[PDB]
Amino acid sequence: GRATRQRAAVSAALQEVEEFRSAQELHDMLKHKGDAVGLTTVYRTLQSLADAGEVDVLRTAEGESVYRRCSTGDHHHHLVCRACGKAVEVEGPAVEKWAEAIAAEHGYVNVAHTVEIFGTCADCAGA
């Protein structure tokens, strides 16, 4: 019901920008299309889409979570612009193997890793 309707709305919203966006930003984009969705709802939907692997999530330097619906389904990571949120989907096979061997070696189970590269793209570099 209001669950799948709103989920599609939020997902469709993400598909309109190539940049990572905070939940408040997404909420605003929806509010601009005349959507009656609340911020809390937007936040829950996004966190739900994140867990289902339908959108990627990452933290900004100031601790804020930002989201993005990415092109591939492949396991990947990102190089993000901390200024505009622009991002590049990146894969590092050697990082993957290193991350597995490190865990495997210290007897850790249910391994998960977070790898993200932050920088300032040329466009933003000239502010």
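In case it trips you up, residue 1 is the first one in the sequence shown, and so on.
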Subject >> 34-42 set against 83-91, stretch whose average Cα temperature factor tops the other in the entry >> reply: 34-42
Subject >> 107-115 versus 17-25 - greater average Cα B-factor per the deposited record >> reply: 17-25
**OP:** Comparing against every modelled residue in the chain, figure out the third that the C-alpha B-factor of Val55 lands in (lowest, middle or highest).
**Re:** middle
**OP:** Sorting the chain's modelled residues by C-alpha B-factor, tell me whether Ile102 ends up in the lowest, middle or highest third.
**Re:** middle
